[PDB]
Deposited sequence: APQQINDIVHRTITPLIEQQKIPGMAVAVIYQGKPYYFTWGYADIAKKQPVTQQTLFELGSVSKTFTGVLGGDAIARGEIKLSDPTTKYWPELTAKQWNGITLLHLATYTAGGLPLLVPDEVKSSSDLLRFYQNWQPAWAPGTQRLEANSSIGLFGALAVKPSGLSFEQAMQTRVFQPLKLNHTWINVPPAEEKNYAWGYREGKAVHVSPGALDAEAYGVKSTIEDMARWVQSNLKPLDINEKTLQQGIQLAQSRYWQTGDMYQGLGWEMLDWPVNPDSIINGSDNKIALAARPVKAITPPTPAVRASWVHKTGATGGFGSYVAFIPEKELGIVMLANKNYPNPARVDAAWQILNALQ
């Protein structure tokens, strides 16, 4: 590819792999709408399979960008509304604390302290009902943001309900297919197992385990190729043929709440571009939010991104719609979010 692109990429990621002792990594850079690929290390140390443009990485929380979009698509389809109480799609949600809790609240982590992880002992639909029924809000809805799987995850599950499709049923046919992401899955087919990389946590090959609402919050696995297309799709949403998926993408990039200089979308998070590097280990930051009334439409001059991880994988997606620029980073080792963002900024800012 262009030697300029080739050079920041290699000069930033190389030491990054060395300092963080990252087994395998994949990187895509979207320059003026064209993807450039890079690959290092191993997808499976034991079998010496290297990382390739075909390797599957666990996206972790980056999965929330898909849930965000799929939900925006359901809104566009008129199957759900963000202004609707959560009880509309789950009538058995009788506890009185759900009253003024809307789908917008679930989707944006502002319901009032929904826990970061759904408890491991919640292993059944009925288990899931009781958990949400018995949850006690630490705060009033629309006052604080506490990032959580159990918040966005229930939103994903409720958003596809009117449709009658499973979440994965809706994801495939309403988002992966339309977008030609043929190597992106919530569940990896046996046919793709030879591309599924192992994650590395403390020296052992690990894969994410099943959990409640896992497909909706941290479940998708994908290649740098499909991720590149995913970034391409979120950069230029007007070039998408299926009309609700177009609207859906834009809605996910809308600004619903503001905290510091960070804005909260559906899955995606945004910062006004140009952005200061200072701005971009605290397992839990509760942050009050200012409501953006009404929500601002997706802003070209943003730095839209999202981190995500699992026991064995660390990933990051960042793109500036206005510069038609973007990057994707996928490693099979969970390493410091900050190093991810530094590397992202260094590459991208060096290309305008």
Parts of the chain sequence, as deposited, that carry no C-alpha coordinates in this structure: 281 to 286
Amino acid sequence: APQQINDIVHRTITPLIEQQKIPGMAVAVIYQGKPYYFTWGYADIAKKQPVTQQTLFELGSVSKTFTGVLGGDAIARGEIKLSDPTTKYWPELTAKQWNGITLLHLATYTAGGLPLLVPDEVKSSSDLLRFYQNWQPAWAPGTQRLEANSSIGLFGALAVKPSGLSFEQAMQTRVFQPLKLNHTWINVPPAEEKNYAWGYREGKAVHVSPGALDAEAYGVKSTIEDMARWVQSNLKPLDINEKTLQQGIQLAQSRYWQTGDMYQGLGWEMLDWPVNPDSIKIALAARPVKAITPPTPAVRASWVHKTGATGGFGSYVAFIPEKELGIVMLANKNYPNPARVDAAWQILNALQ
From here on, numbers count along this sequence of modelled residues.
Stretch exceeding the other in mean C-alpha B-factor - 146 to 154, 96 to 104: 96 to 104
Mean C-alpha temperature factor, higher of 234 to 242 and 250 to 258: 234 to 242
Peak C-alpha temperature factor (PDB record), options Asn134, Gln264, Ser83, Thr87: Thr87
Criterion, highest CA B-factor; candidates, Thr55, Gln32, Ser315, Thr310: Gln32
Relative C-alpha B-factor of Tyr200, binned into the chain's lowest, middle or highest third: middle
Record-listed C-alpha B factor of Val341: chain third: middle
Modelled-residue ranking by C-alpha temperature factor, third containing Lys323: highest
Record-listed C-alpha B factor of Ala331: chain third: lowest
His207 - Cα temperature factor, lowest/middle/highest third of chain: middle
